[PDB]
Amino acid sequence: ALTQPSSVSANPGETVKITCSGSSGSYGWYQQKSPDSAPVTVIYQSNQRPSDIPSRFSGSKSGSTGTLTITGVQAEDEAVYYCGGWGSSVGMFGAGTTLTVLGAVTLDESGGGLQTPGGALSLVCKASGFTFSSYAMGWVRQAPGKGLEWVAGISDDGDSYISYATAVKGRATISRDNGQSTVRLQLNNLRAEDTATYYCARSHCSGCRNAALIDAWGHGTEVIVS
């Protein structure tokens, strides 16, 4: 996994830096203002800022270390920031940095709910607002009170590059239907550790599995293994 500080505190108007290490490549930065709301990409591929993100957010990579900088931080920037990257043929995240401030693309997941231990689930993500067949897609989950965990990734052709986190390898199948603009996650022999919000995620690339490249998130579907 990646490594980032557990917490940072800042006054409104500060210039805040959060570092992350451990990626074989670039760094992505994902803002989560509430444990129950989807992350928002503020930086991807180390320094790329989405158009809808305020210019006070910037990123850089030096050596093998990524830094998110917020120049003139505002109260509304209070959030947990996760870094994302890759290593050992999989995407991976840091454990999150809690920042305390002392002052058209759609992804729609379904298939969650209560599950039986040892049972199986089938999650579907319906995409709209973009050319679905041009982008790599993936799944990211978040257990209650924990951080983002990369689950699986699939290339735009639905065939070439398929990868699974060690935690689900042997139990998981990711697939896509480009005609229907959907991506699917099957997961069997369910265990208590599979209890999580599962997020559909678009990467800003055609085939990459790098968790630094995520630029769109679904609303999440809750899975409870009981």
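Note that residue numbering follows the sequence shown and begins at 1.
The deposited sequence places no unmodelled residues between residue 113 and residue 114, so the chain runs continuously there. Averaged over CA atoms, B-factors in the entry run higher in 182 to 190 than in the other of 182 to 190 and 61 to 69. Annotation for 171 to 179 versus 44 to 52: the higher mean temperature factor (C-alpha) is found in 171 to 179. Sorting 138, 91, 94, 118 by the CA temperature factor given in the entry leaves 118 at the top. Among 154, 80, 143, 104, the highest C-alpha B-factor recorded in the PDB entry belongs to 104.
The entry lists a Cα temperature factor for residue 8 that places it in the middle third of the chain's modelled residues. Among all modelled residues in this chain, the alpha-carbon of residue 201 has a temperature factor (C-alpha) in the lowest third.
In the deposited entry, the Cα temperature factor of residue 35 places it in the middle third of its chain's modelled residues. When the modelled residues of the chain are ordered by their C-alpha B factor, residue 98 lands in the lowest third.
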